[PDB]
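Content type mmCIF, N, CA and C atoms, from the file run24.cif:
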```cif
data_structure
#
loop_
_atom_site.group_PDB
_atom_site.id
_atom_site.type_symbol
_atom_site.label_atom_id
_atom_site.label_comp_id
_atom_site.auth_asym_id
_atom_site.auth_seq_id
_atom_site.Cartn_x
_atom_site.Cartn_y
_atom_site.Cartn_z
ATOM 1 N N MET A 311 -73.813 -38.020 -23.299
ATOM 2 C CA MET A 311 -73.705 -39.460 -23.107
ATOM 3 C C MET A 311 -73.308 -39.820 -21.685
ATOM 4 N N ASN A 312 -73.607 -41.059 -21.304
ATOM 5 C CA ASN A 312 -73.193 -41.609 -20.022
ATOM 6 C C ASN A 312 -71.823 -42.242 -20.142
ATOM 7 N N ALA A 313 -71.041 -42.149 -19.076
ATOM 8 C CA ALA A 313 -69.715 -42.741 -19.065
ATOM 9 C C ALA A 313 -69.406 -43.256 -17.672
ATOM 10 N N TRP A 314 -68.898 -44.480 -17.594
ATOM 11 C CA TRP A 314 -68.561 -45.068 -16.309
ATOM 12 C C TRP A 314 -67.068 -44.937 -16.058
ATOM 13 N N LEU A 315 -66.711 -44.309 -14.945
ATOM 14 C CA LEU A 315 -65.310 -44.146 -14.587
ATOM 15 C C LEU A 315 -64.902 -45.140 -13.514
ATOM 16 N N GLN A 316 -63.909 -45.959 -13.835
ATOM 17 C CA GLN A 316 -63.366 -46.914 -12.886
ATOM 18 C C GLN A 316 -62.013 -46.418 -12.421
ATOM 19 N N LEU A 317 -61.834 -46.304 -11.110
ATOM 20 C CA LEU A 317 -60.543 -45.879 -10.588
ATOM 21 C C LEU A 317 -59.859 -46.984 -9.798
ATOM 22 N N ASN A 318 -58.552 -47.092 -9.991
ATOM 23 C CA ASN A 318 -57.728 -47.983 -9.196
ATOM 24 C C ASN A 318 -56.704 -47.160 -8.436
ATOM 25 N N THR A 319 -56.672 -47.327 -7.122
ATOM 26 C CA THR A 319 -55.740 -46.580 -6.289
ATOM 27 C C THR A 319 -54.983 -47.514 -5.359
ATOM 28 N N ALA A 320 -53.684 -47.282 -5.219
ATOM 29 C CA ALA A 320 -52.857 -48.134 -4.374
ATOM 30 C C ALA A 320 -52.645 -47.530 -2.990
ATOM 31 N N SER A 321 -52.790 -48.366 -1.968
ATOM 32 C CA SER A 321 -52.615 -47.949 -0.582
ATOM 33 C C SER A 321 -51.167 -48.115 -0.140
ATOM 34 N N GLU A 322 -50.896 -47.771 1.114
ATOM 35 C CA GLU A 322 -49.597 -48.048 1.707
ATOM 36 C C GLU A 322 -49.463 -49.557 1.844
ATOM 37 N N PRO A 323 -48.226 -50.070 1.795
ATOM 38 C CA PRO A 323 -48.008 -51.514 1.917
ATOM 39 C C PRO A 323 -48.580 -52.070 3.219
ATOM 40 N N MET A 324 -49.382 -53.123 3.104
ATOM 41 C CA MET A 324 -49.953 -53.801 4.259
ATOM 42 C C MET A 324 -49.938 -55.307 4.012
ATOM 43 N N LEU A 325 -49.977 -56.090 5.085
ATOM 44 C CA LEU A 325 -50.082 -57.539 4.960
ATOM 45 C C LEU A 325 -51.343 -57.876 4.170
ATOM 46 N N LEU A 326 -51.225 -58.781 3.205
ATOM 47 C CA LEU A 326 -52.355 -59.081 2.330
ATOM 48 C C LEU A 326 -52.793 -60.539 2.382
ATOM 49 N N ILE A 327 -54.080 -60.741 2.645
ATOM 50 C CA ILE A 327 -54.669 -62.068 2.634
ATOM 51 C C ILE A 327 -56.000 -62.019 1.899
ATOM 52 N N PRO A 328 -56.508 -63.186 1.485
ATOM 53 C CA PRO A 328 -57.845 -63.220 0.886
ATOM 54 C C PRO A 328 -58.889 -62.816 1.920
ATOM 55 N N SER A 329 -60.113 -62.544 1.483
ATOM 56 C CA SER A 329 -61.154 -62.097 2.404
ATOM 57 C C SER A 329 -61.895 -63.252 3.071
ATOM 58 N N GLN A 330 -61.993 -64.383 2.381
ATOM 59 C CA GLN A 330 -62.656 -65.550 2.953
ATOM 60 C C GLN A 330 -61.786 -66.143 4.051
ATOM 61 N N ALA A 331 -60.563 -65.635 4.151
ATOM 62 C CA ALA A 331 -59.607 -66.126 5.133
ATOM 63 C C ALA A 331 -59.739 -65.385 6.453
ATOM 64 N N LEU A 332 -60.571 -64.347 6.470
ATOM 65 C CA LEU A 332 -60.726 -63.529 7.669
ATOM 66 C C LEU A 332 -62.073 -63.706 8.360
ATOM 67 N N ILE A 333 -62.023 -64.052 9.641
ATOM 68 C CA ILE A 333 -63.219 -64.178 10.462
ATOM 69 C C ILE A 333 -63.400 -62.923 11.308
ATOM 70 N N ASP A 334 -64.595 -62.344 11.269
ATOM 71 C CA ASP A 334 -64.880 -61.152 12.062
ATOM 72 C C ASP A 334 -66.159 -61.321 12.877
ATOM 73 N N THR A 335 -66.020 -61.301 14.199
ATOM 74 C CA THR A 335 -67.160 -61.483 15.090
ATOM 75 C C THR A 335 -67.591 -60.168 15.733
ATOM 76 N N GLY A 336 -67.097 -59.060 15.192
ATOM 77 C CA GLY A 336 -67.479 -57.743 15.667
ATOM 78 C C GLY A 336 -66.537 -57.179 16.709
ATOM 79 N N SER A 337 -66.126 -58.024 17.648
ATOM 80 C CA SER A 337 -65.236 -57.601 18.721
ATOM 81 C C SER A 337 -63.828 -58.133 18.497
ATOM 82 N N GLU A 338 -63.683 -58.992 17.495
ATOM 83 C CA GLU A 338 -62.400 -59.616 17.206
ATOM 84 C C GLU A 338 -62.311 -60.093 15.763
ATOM 85 N N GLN A 339 -61.122 -59.974 15.186
ATOM 86 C CA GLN A 339 -60.847 -60.531 13.870
ATOM 87 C C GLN A 339 -59.718 -61.543 13.967
ATOM 88 N N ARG A 340 -59.864 -62.655 13.257
ATOM 89 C CA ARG A 340 -58.883 -63.724 13.327
ATOM 90 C C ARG A 340 -58.766 -64.465 12.006
ATOM 91 N N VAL A 341 -57.650 -65.165 11.842
ATOM 92 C CA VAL A 341 -57.436 -66.041 10.703
ATOM 93 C C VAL A 341 -56.966 -67.386 11.234
ATOM 94 N N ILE A 342 -57.134 -68.438 10.442
ATOM 95 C CA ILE A 342 -56.651 -69.751 10.849
ATOM 96 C C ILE A 342 -55.344 -70.089 10.148
ATOM 97 N N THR A 343 -54.268 -70.094 10.923
ATOM 98 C CA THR A 343 -52.940 -70.364 10.401
ATOM 99 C C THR A 343 -52.676 -71.858 10.286
ATOM 100 N N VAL A 344 -51.931 -72.248 9.258
ATOM 101 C CA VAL A 344 -51.516 -73.635 9.113
ATOM 102 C C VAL A 344 -50.073 -73.798 9.570
ATOM 103 N N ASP A 345 -49.845 -74.800 10.412
ATOM 104 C CA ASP A 345 -48.549 -75.005 11.045
ATOM 105 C C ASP A 345 -47.626 -75.865 10.187
ATOM 106 N N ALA A 346 -46.343 -75.872 10.531
ATOM 107 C CA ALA A 346 -45.374 -76.688 9.816
ATOM 108 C C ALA A 346 -45.799 -78.152 9.839
ATOM 109 N N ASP A 347 -46.506 -78.536 10.898
ATOM 110 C CA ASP A 347 -46.966 -79.908 11.074
ATOM 111 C C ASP A 347 -48.288 -80.160 10.357
ATOM 112 N N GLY A 348 -48.937 -79.086 9.922
ATOM 113 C CA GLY A 348 -50.253 -79.184 9.323
ATOM 114 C C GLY A 348 -51.309 -78.836 10.351
ATOM 115 N N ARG A 349 -50.855 -78.614 11.581
ATOM 116 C CA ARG A 349 -51.727 -78.238 12.687
ATOM 117 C C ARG A 349 -52.382 -76.887 12.420
ATOM 118 N N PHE A 350 -53.691 -76.806 12.638
ATOM 119 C CA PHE A 350 -54.427 -75.570 12.391
ATOM 120 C C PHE A 350 -54.495 -74.704 13.642
ATOM 121 N N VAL A 351 -53.720 -73.625 13.656
ATOM 122 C CA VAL A 351 -53.661 -72.747 14.819
ATOM 123 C C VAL A 351 -54.190 -71.342 14.531
ATOM 124 N N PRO A 352 -55.151 -70.885 15.347
ATOM 125 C CA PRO A 352 -55.759 -69.556 15.218
ATOM 126 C C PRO A 352 -54.803 -68.438 15.623
ATOM 127 N N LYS A 353 -54.947 -67.282 14.983
ATOM 128 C CA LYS A 353 -54.131 -66.108 15.277
ATOM 129 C C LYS A 353 -54.955 -64.835 15.112
ATOM 130 N N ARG A 354 -54.842 -63.927 16.077
ATOM 131 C CA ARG A 354 -55.563 -62.660 16.029
ATOM 132 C C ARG A 354 -54.863 -61.690 15.082
ATOM 133 N N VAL A 355 -55.646 -60.909 14.342
ATOM 134 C CA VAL A 355 -55.090 -59.923 13.420
ATOM 135 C C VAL A 355 -55.872 -58.613 13.455
ATOM 136 N N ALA A 356 -55.210 -57.525 13.073
ATOM 137 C CA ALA A 356 -55.846 -56.215 13.010
ATOM 138 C C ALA A 356 -56.099 -55.828 11.556
ATOM 139 N N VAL A 357 -57.361 -55.593 11.213
ATOM 140 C CA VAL A 357 -57.727 -55.283 9.834
ATOM 141 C C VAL A 357 -57.581 -53.799 9.526
ATOM 142 N N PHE A 358 -56.911 -53.497 8.421
ATOM 143 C CA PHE A 358 -56.704 -52.116 8.004
ATOM 144 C C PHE A 358 -57.839 -51.650 7.105
ATOM 145 N N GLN A 359 -58.039 -52.372 6.009
ATOM 146 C CA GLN A 359 -59.073 -52.050 5.037
ATOM 147 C C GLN A 359 -59.168 -53.207 4.052
ATOM 148 N N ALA A 360 -60.156 -53.167 3.165
ATOM 149 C CA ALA A 360 -60.348 -54.254 2.214
ATOM 150 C C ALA A 360 -61.074 -53.804 0.952
ATOM 151 N N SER A 361 -60.810 -54.499 -0.151
ATOM 152 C CA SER A 361 -61.447 -54.197 -1.427
ATOM 153 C C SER A 361 -61.108 -55.238 -2.491
ATOM 154 N N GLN A 362 -62.095 -55.571 -3.317
ATOM 155 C CA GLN A 362 -61.916 -56.512 -4.422
ATOM 156 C C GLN A 362 -61.505 -57.921 -4.003
ATOM 157 N N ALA B 697 -74.526 -74.851 28.955
ATOM 158 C CA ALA B 697 -74.577 -75.895 27.942
ATOM 159 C C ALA B 697 -73.183 -76.211 27.416
ATOM 160 N N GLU B 698 -72.315 -75.205 27.415
ATOM 161 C CA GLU B 698 -70.955 -75.375 26.926
ATOM 162 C C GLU B 698 -70.157 -76.304 27.838
ATOM 163 N N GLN B 699 -70.292 -76.113 29.147
ATOM 164 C CA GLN B 699 -69.594 -76.955 30.113
ATOM 165 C C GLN B 699 -70.119 -78.381 30.060
ATOM 166 N N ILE B 700 -71.441 -78.511 30.046
ATOM 167 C CA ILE B 700 -72.086 -79.815 30.015
ATOM 168 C C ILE B 700 -71.686 -80.611 28.781
ATOM 169 N N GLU B 701 -71.586 -79.921 27.653
ATOM 170 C CA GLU B 701 -71.218 -80.557 26.399
ATOM 171 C C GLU B 701 -69.830 -81.187 26.473
ATOM 172 N N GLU B 702 -68.901 -80.517 27.146
ATOM 173 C CA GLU B 702 -67.538 -81.029 27.233
ATOM 174 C C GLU B 702 -67.366 -82.134 28.273
ATOM 175 N N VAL B 703 -68.140 -82.083 29.352
ATOM 176 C CA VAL B 703 -68.107 -83.165 30.330
ATOM 177 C C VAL B 703 -68.758 -84.403 29.729
ATOM 178 N N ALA B 704 -69.717 -84.177 28.839
ATOM 179 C CA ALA B 704 -70.436 -85.263 28.190
ATOM 180 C C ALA B 704 -69.516 -86.104 27.312
ATOM 181 N N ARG B 705 -68.545 -85.463 26.673
ATOM 182 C CA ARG B 705 -67.641 -86.181 25.780
ATOM 183 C C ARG B 705 -66.580 -86.990 26.531
ATOM 184 N N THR B 706 -66.403 -86.700 27.818
ATOM 185 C CA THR B 706 -65.466 -87.454 28.647
ATOM 186 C C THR B 706 -66.044 -88.824 28.998
ATOM 187 N N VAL B 707 -67.371 -88.917 28.979
ATOM 188 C CA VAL B 707 -68.075 -90.161 29.276
ATOM 189 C C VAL B 707 -67.695 -91.272 28.302
ATOM 190 N N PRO B 708 -67.478 -92.487 28.831
ATOM 191 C CA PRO B 708 -67.004 -93.662 28.087
ATOM 192 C C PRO B 708 -67.823 -94.028 26.847
ATOM 193 N N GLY B 709 -69.147 -93.960 26.936
ATOM 194 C CA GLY B 709 -69.997 -94.452 25.864
ATOM 195 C C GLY B 709 -70.426 -93.435 24.822
ATOM 196 N N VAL B 710 -70.087 -92.169 25.038
ATOM 197 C CA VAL B 710 -70.516 -91.111 24.128
ATOM 198 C C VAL B 710 -69.637 -91.021 22.882
ATOM 199 N N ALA B 711 -70.277 -90.855 21.728
ATOM 200 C CA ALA B 711 -69.570 -90.729 20.458
ATOM 201 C C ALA B 711 -69.450 -89.266 20.037
ATOM 202 N N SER B 712 -70.496 -88.489 20.300
ATOM 203 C CA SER B 712 -70.492 -87.066 19.986
ATOM 204 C C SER B 712 -71.461 -86.310 20.887
ATOM 205 N N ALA B 713 -71.169 -85.036 21.127
ATOM 206 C CA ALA B 713 -72.031 -84.195 21.944
ATOM 207 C C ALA B 713 -71.895 -82.737 21.524
ATOM 208 N N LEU B 714 -73.005 -82.136 21.110
ATOM 209 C CA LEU B 714 -72.995 -80.753 20.647
ATOM 210 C C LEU B 714 -74.240 -80.001 21.105
ATOM 211 N N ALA B 715 -74.030 -78.928 21.860
ATOM 212 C CA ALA B 715 -75.128 -78.089 22.325
ATOM 213 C C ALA B 715 -75.302 -76.889 21.406
ATOM 214 N N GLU B 716 -76.495 -76.743 20.840
ATOM 215 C CA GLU B 716 -76.778 -75.616 19.961
ATOM 216 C C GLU B 716 -76.659 -74.304 20.730
ATOM 217 N N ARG B 717 -76.021 -73.314 20.116
ATOM 218 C CA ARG B 717 -75.832 -72.022 20.764
ATOM 219 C C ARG B 717 -77.070 -71.153 20.597
ATOM 220 N N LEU B 718 -77.325 -70.299 21.580
ATOM 221 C CA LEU B 718 -78.512 -69.459 21.553
ATOM 222 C C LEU B 718 -78.187 -68.074 21.002
ATOM 223 N N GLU B 719 -76.899 -67.772 20.883
ATOM 224 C CA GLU B 719 -76.476 -66.493 20.323
ATOM 225 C C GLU B 719 -75.093 -66.559 19.678
ATOM 226 N N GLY B 720 -74.954 -67.438 18.692
ATOM 227 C CA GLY B 720 -73.727 -67.536 17.927
ATOM 228 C C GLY B 720 -73.918 -66.954 16.542
ATOM 229 N N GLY B 721 -74.950 -66.129 16.401
ATOM 230 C CA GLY B 721 -75.279 -65.529 15.123
ATOM 231 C C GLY B 721 -74.409 -64.332 14.797
ATOM 232 N N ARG B 722 -74.167 -64.127 13.508
ATOM 233 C CA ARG B 722 -73.374 -62.992 13.058
ATOM 234 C C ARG B 722 -74.234 -61.913 12.413
ATOM 235 N N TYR B 723 -73.887 -60.660 12.685
ATOM 236 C CA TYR B 723 -74.670 -59.528 12.218
ATOM 237 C C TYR B 723 -73.842 -58.462 11.531
ATOM 238 N N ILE B 724 -74.451 -57.813 10.546
ATOM 239 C CA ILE B 724 -73.920 -56.573 10.006
ATOM 240 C C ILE B 724 -74.953 -55.491 10.280
ATOM 241 N N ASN B 725 -74.685 -54.677 11.294
ATOM 242 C CA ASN B 725 -75.627 -53.661 11.737
ATOM 243 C C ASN B 725 -75.503 -52.355 10.972
ATOM 244 N N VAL B 726 -76.604 -51.912 10.380
ATOM 245 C CA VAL B 726 -76.648 -50.591 9.773
ATOM 246 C C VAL B 726 -77.293 -49.625 10.755
ATOM 247 N N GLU B 727 -76.461 -48.976 11.562
ATOM 248 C CA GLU B 727 -76.940 -48.073 12.600
ATOM 249 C C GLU B 727 -77.227 -46.685 12.037
ATOM 250 N N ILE B 728 -78.453 -46.497 11.560
ATOM 251 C CA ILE B 728 -78.842 -45.263 10.883
ATOM 252 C C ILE B 728 -78.785 -44.038 11.791
ATOM 253 N N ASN B 729 -78.177 -42.971 11.282
ATOM 254 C CA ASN B 729 -78.019 -41.732 12.033
ATOM 255 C C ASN B 729 -79.053 -40.691 11.620
ATOM 256 N N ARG B 730 -80.052 -40.477 12.470
ATOM 257 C CA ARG B 730 -81.138 -39.554 12.151
ATOM 258 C C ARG B 730 -80.633 -38.172 11.749
ATOM 259 N N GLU B 731 -79.718 -37.622 12.540
ATOM 260 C CA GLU B 731 -79.188 -36.285 12.285
ATOM 261 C C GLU B 731 -78.440 -36.196 10.957
ATOM 262 N N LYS B 732 -77.693 -37.245 10.626
ATOM 263 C CA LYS B 732 -76.945 -37.286 9.375
ATOM 264 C C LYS B 732 -77.874 -37.388 8.171
ATOM 265 N N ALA B 733 -78.885 -38.243 8.277
ATOM 266 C CA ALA B 733 -79.832 -38.440 7.188
ATOM 267 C C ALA B 733 -80.702 -37.204 6.972
ATOM 268 N N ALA B 734 -81.122 -36.576 8.067
ATOM 269 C CA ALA B 734 -81.966 -35.386 7.999
ATOM 270 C C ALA B 734 -81.320 -34.308 7.134
ATOM 271 N N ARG B 735 -79.993 -34.278 7.159
ATOM 272 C CA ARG B 735 -79.209 -33.352 6.356
ATOM 273 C C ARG B 735 -79.613 -33.430 4.883
ATOM 274 N N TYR B 736 -79.930 -34.634 4.420
ATOM 275 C CA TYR B 736 -80.310 -34.843 3.029
ATOM 276 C C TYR B 736 -81.821 -34.976 2.882
ATOM 277 N N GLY B 737 -82.549 -34.559 3.912
ATOM 278 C CA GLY B 737 -83.997 -34.662 3.912
ATOM 279 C C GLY B 737 -84.491 -36.097 3.859
ATOM 280 N N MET B 738 -83.750 -37.006 4.483
ATOM 281 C CA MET B 738 -84.118 -38.416 4.474
ATOM 282 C C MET B 738 -84.595 -38.903 5.835
ATOM 283 N N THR B 739 -85.670 -39.682 5.824
ATOM 284 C CA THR B 739 -86.168 -40.303 7.039
ATOM 285 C C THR B 739 -85.553 -41.686 7.181
ATOM 286 N N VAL B 740 -85.612 -42.236 8.387
ATOM 287 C CA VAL B 740 -85.097 -43.576 8.618
ATOM 288 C C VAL B 740 -85.675 -44.545 7.595
ATOM 289 N N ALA B 741 -86.974 -44.430 7.337
ATOM 290 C CA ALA B 741 -87.617 -45.278 6.341
ATOM 291 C C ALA B 741 -86.979 -45.083 4.966
ATOM 292 N N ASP B 742 -86.635 -43.838 4.643
ATOM 293 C CA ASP B 742 -85.992 -43.521 3.370
ATOM 294 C C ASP B 742 -84.706 -44.315 3.187
ATOM 295 N N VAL B 743 -83.837 -44.247 4.190
ATOM 296 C CA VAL B 743 -82.562 -44.948 4.155
ATOM 297 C C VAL B 743 -82.757 -46.457 4.080
ATOM 298 N N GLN B 744 -83.667 -46.973 4.898
ATOM 299 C CA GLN B 744 -83.858 -48.415 5.018
ATOM 300 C C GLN B 744 -84.219 -49.095 3.702
ATOM 301 N N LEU B 745 -84.850 -48.356 2.798
ATOM 302 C CA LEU B 745 -85.229 -48.923 1.511
ATOM 303 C C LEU B 745 -84.011 -49.481 0.777
ATOM 304 N N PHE B 746 -82.860 -48.846 0.976
ATOM 305 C CA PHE B 746 -81.620 -49.311 0.367
ATOM 306 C C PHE B 746 -81.111 -50.573 1.041
#
```
Would you put the structure from the file into structure tokens?
Amino acid sequence: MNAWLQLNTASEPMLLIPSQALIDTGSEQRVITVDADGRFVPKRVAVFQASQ
Amino acid sequence: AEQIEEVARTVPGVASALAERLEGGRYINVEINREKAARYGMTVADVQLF
């Protein structure tokens, strides 16, 4: 018979954000931060890995 | 076009100004490795089908 194996594995602790929140232009990755004032300020970030 | 677009908005009568970019496109490049694929007896065409 056929059987599908699904594995879940946990990584080392890293900062976690949604994926639609990350912009990648190939040479740079960034997210748009929301300020205390509601002001939208961009911030550069380093991506470790992603899944799900 | 980028500079012109911003000087254009300084003008008194202008409501909006936007210059279309000629290379603001985003890509996901699959850079096929001939030597790596050959290992599995695969040609570039073979890989590309996926």
Pick out the residues sitting within 7 Å of residue 331 (chain A), and hand them over as number ranges by chain; count all atoms listed in the file, and ignore anything fewer than 4 positions along from it in its own chain.
A: 327, 340-342
Would you please extract all strand (DSSP E) residues from chain A, as assigned by DSSP on the backbone, and give them as a PyMOL selection string?
chain A and resi 333-334+339-344+350-354
Write to file, as a PDB file, keeping the file's coordinate frame, the residues of the selection just made, with N, CA and C atoms.
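See part.pdb below for the written result:
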```pdb
ATOM      1  N   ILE A 333     -62.023 -64.052   9.641  1.00  0.00           N
ATOM      2  CA  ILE A 333     -63.219 -64.178  10.462  1.00  0.00           C
ATOM      3  C   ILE A 333     -63.400 -62.923  11.308  1.00  0.00           C
ATOM      4  N   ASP A 334     -64.595 -62.344  11.269  1.00  0.00           N
ATOM      5  CA  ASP A 334     -64.880 -61.152  12.062  1.00  0.00           C
ATOM      6  C   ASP A 334     -66.159 -61.321  12.877  1.00  0.00           C
ATOM      7  N   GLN A 339     -61.122 -59.974  15.186  1.00  0.00           N
ATOM      8  CA  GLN A 339     -60.847 -60.531  13.870  1.00  0.00           C
ATOM      9  C   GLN A 339     -59.718 -61.543  13.967  1.00  0.00           C
ATOM     10  N   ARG A 340     -59.864 -62.655  13.257  1.00  0.00           N
ATOM     11  CA  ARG A 340     -58.883 -63.724  13.327  1.00  0.00           C
ATOM     12  C   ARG A 340     -58.766 -64.465  12.006  1.00  0.00           C
ATOM     13  N   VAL A 341     -57.650 -65.165  11.842  1.00  0.00           N
ATOM     14  CA  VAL A 341     -57.436 -66.041  10.703  1.00  0.00           C
ATOM     15  C   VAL A 341     -56.966 -67.386  11.234  1.00  0.00           C
ATOM     16  N   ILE A 342     -57.134 -68.438  10.442  1.00  0.00           N
ATOM     17  CA  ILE A 342     -56.651 -69.751  10.849  1.00  0.00           C
ATOM     18  C   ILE A 342     -55.344 -70.089  10.148  1.00  0.00           C
ATOM     19  N   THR A 343     -54.268 -70.094  10.923  1.00  0.00           N
ATOM     20  CA  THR A 343     -52.940 -70.364  10.401  1.00  0.00           C
ATOM     21  C   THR A 343     -52.676 -71.858  10.286  1.00  0.00           C
ATOM     22  N   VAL A 344     -51.931 -72.248   9.258  1.00  0.00           N
ATOM     23  CA  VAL A 344     -51.516 -73.635   9.113  1.00  0.00           C
ATOM     24  C   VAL A 344     -50.073 -73.798   9.570  1.00  0.00           C
ATOM     25  N   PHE A 350     -53.691 -76.806  12.638  1.00  0.00           N
ATOM     26  CA  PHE A 350     -54.427 -75.570  12.391  1.00  0.00           C
ATOM     27  C   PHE A 350     -54.495 -74.704  13.642  1.00  0.00           C
ATOM     28  N   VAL A 351     -53.720 -73.625  13.656  1.00  0.00           N
ATOM     29  CA  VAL A 351     -53.661 -72.747  14.819  1.00  0.00           C
ATOM     30  C   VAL A 351     -54.190 -71.342  14.531  1.00  0.00           C
ATOM     31  N   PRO A 352     -55.151 -70.885  15.347  1.00  0.00           N
ATOM     32  CA  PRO A 352     -55.759 -69.556  15.218  1.00  0.00           C
ATOM     33  C   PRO A 352     -54.803 -68.438  15.623  1.00  0.00           C
ATOM     34  N   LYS A 353     -54.947 -67.282  14.983  1.00  0.00           N
ATOM     35  CA  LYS A 353     -54.131 -66.108  15.277  1.00  0.00           C
ATOM     36  C   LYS A 353     -54.955 -64.835  15.112  1.00  0.00           C
ATOM     37  N   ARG A 354     -54.842 -63.927  16.077  1.00  0.00           N
ATOM     38  CA  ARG A 354     -55.563 -62.660  16.029  1.00  0.00           C
ATOM     39  C   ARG A 354     -54.863 -61.690  15.082  1.00  0.00           C
TER      40      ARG A 354
END
```
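Residue nearest chain A within the list B:705, B:721, B:715, B:710: B:721 [criterion: smallest interatomic distance, all atoms listed in the file].
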Running DSSP on the backbone, which parts of chain B land in alpha helix (DSSP H), as a PDB file with N, CA and C atoms, in the coordinates of the input?
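Ended up saving to out19.pdb:
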```
ATOM      1  N   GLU B 698     -72.315 -75.205  27.415  1.00  0.00           N
ATOM      2  CA  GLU B 698     -70.955 -75.375  26.926  1.00  0.00           C
ATOM      3  C   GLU B 698     -70.157 -76.304  27.838  1.00  0.00           C
ATOM      4  N   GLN B 699     -70.292 -76.113  29.147  1.00  0.00           N
ATOM      5  CA  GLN B 699     -69.594 -76.955  30.113  1.00  0.00           C
ATOM      6  C   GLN B 699     -70.119 -78.381  30.060  1.00  0.00           C
ATOM      7  N   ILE B 700     -71.441 -78.511  30.046  1.00  0.00           N
ATOM      8  CA  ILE B 700     -72.086 -79.815  30.015  1.00  0.00           C
ATOM      9  C   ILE B 700     -71.686 -80.611  28.781  1.00  0.00           C
ATOM     10  N   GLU B 701     -71.586 -79.921  27.653  1.00  0.00           N
ATOM     11  CA  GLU B 701     -71.218 -80.557  26.399  1.00  0.00           C
ATOM     12  C   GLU B 701     -69.830 -81.187  26.473  1.00  0.00           C
ATOM     13  N   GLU B 702     -68.901 -80.517  27.146  1.00  0.00           N
ATOM     14  CA  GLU B 702     -67.538 -81.029  27.233  1.00  0.00           C
ATOM     15  C   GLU B 702     -67.366 -82.134  28.273  1.00  0.00           C
ATOM     16  N   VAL B 703     -68.140 -82.083  29.352  1.00  0.00           N
ATOM     17  CA  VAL B 703     -68.107 -83.165  30.330  1.00  0.00           C
ATOM     18  C   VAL B 703     -68.758 -84.403  29.729  1.00  0.00           C
ATOM     19  N   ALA B 704     -69.717 -84.177  28.839  1.00  0.00           N
ATOM     20  CA  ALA B 704     -70.436 -85.263  28.190  1.00  0.00           C
ATOM     21  C   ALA B 704     -69.516 -86.104  27.312  1.00  0.00           C
ATOM     22  N   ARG B 705     -68.545 -85.463  26.673  1.00  0.00           N
ATOM     23  CA  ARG B 705     -67.641 -86.181  25.780  1.00  0.00           C
ATOM     24  C   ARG B 705     -66.580 -86.990  26.531  1.00  0.00           C
ATOM     25  N   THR B 706     -66.403 -86.700  27.818  1.00  0.00           N
ATOM     26  CA  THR B 706     -65.466 -87.454  28.647  1.00  0.00           C
ATOM     27  C   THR B 706     -66.044 -88.824  28.998  1.00  0.00           C
ATOM     28  N   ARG B 730     -80.052 -40.477  12.470  1.00  0.00           N
ATOM     29  CA  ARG B 730     -81.138 -39.554  12.151  1.00  0.00           C
ATOM     30  C   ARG B 730     -80.633 -38.172  11.749  1.00  0.00           C
ATOM     31  N   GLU B 731     -79.718 -37.622  12.540  1.00  0.00           N
ATOM     32  CA  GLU B 731     -79.188 -36.285  12.285  1.00  0.00           C
ATOM     33  C   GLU B 731     -78.440 -36.196  10.957  1.00  0.00           C
ATOM     34  N   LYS B 732     -77.693 -37.245  10.626  1.00  0.00           N
ATOM     35  CA  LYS B 732     -76.945 -37.286   9.375  1.00  0.00           C
ATOM     36  C   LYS B 732     -77.874 -37.388   8.171  1.00  0.00           C
ATOM     37  N   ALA B 733     -78.885 -38.243   8.277  1.00  0.00           N
ATOM     38  CA  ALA B 733     -79.832 -38.440   7.188  1.00  0.00           C
ATOM     39  C   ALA B 733     -80.702 -37.204   6.972  1.00  0.00           C
ATOM     40  N   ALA B 734     -81.122 -36.576   8.067  1.00  0.00           N
ATOM     41  CA  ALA B 734     -81.966 -35.386   7.999  1.00  0.00           C
ATOM     42  C   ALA B 734     -81.320 -34.308   7.134  1.00  0.00           C
ATOM     43  N   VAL B 740     -85.612 -42.236   8.387  1.00  0.00           N
ATOM     44  CA  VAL B 740     -85.097 -43.576   8.618  1.00  0.00           C
ATOM     45  C   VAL B 740     -85.675 -44.545   7.595  1.00  0.00           C
ATOM     46  N   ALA B 741     -86.974 -44.430   7.337  1.00  0.00           N
ATOM     47  CA  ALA B 741     -87.617 -45.278   6.341  1.00  0.00           C
ATOM     48  C   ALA B 741     -86.979 -45.083   4.966  1.00  0.00           C
ATOM     49  N   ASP B 742     -86.635 -43.838   4.643  1.00  0.00           N
ATOM     50  CA  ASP B 742     -85.992 -43.521   3.370  1.00  0.00           C
ATOM     51  C   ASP B 742     -84.706 -44.315   3.187  1.00  0.00           C
ATOM     52  N   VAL B 743     -83.837 -44.247   4.190  1.00  0.00           N
ATOM     53  CA  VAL B 743     -82.562 -44.948   4.155  1.00  0.00           C
ATOM     54  C   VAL B 743     -82.757 -46.457   4.080  1.00  0.00           C
ATOM     55  N   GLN B 744     -83.667 -46.973   4.898  1.00  0.00           N
ATOM     56  CA  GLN B 744     -83.858 -48.415   5.018  1.00  0.00           C
ATOM     57  C   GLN B 744     -84.219 -49.095   3.702  1.00  0.00           C
TER      58      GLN B 744
END
```
Calculate, to one decimal in Å, the centre and edge lengths of the box along x, y and z of the file that holds all listed atoms of region 324-327 of chain A with 8 Å of margin on each side, and present them as JSON.
```
{"center_x": -52.7, "center_y": -57.6, "center_z": 3.5, "size_x": 22.6, "size_y": 24.9, "size_z": 19.2}
```
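One finds CA of residue 723 (chain B) at 20.1 Å from atom C of residue 354 (chain A).
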Between atom C of residue 323 (chain A) and atom N of residue 344 (chain A), measure the distance and give it in Å to one decimal.
21.3 Å
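Applying a distance limit of 8 Å to all atoms listed in the file, the residues of chain A near chain B read residues 334, 335 and 336 of chain A.
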Measure the distance from atom C of residue 362 (chain A) to atom C of residue 333 (chain A) in Å and round it to one decimal.
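About the pair atom C of residue 362 (chain A) and atom C of residue 333 (chain A): they are 16.2 Å apart.
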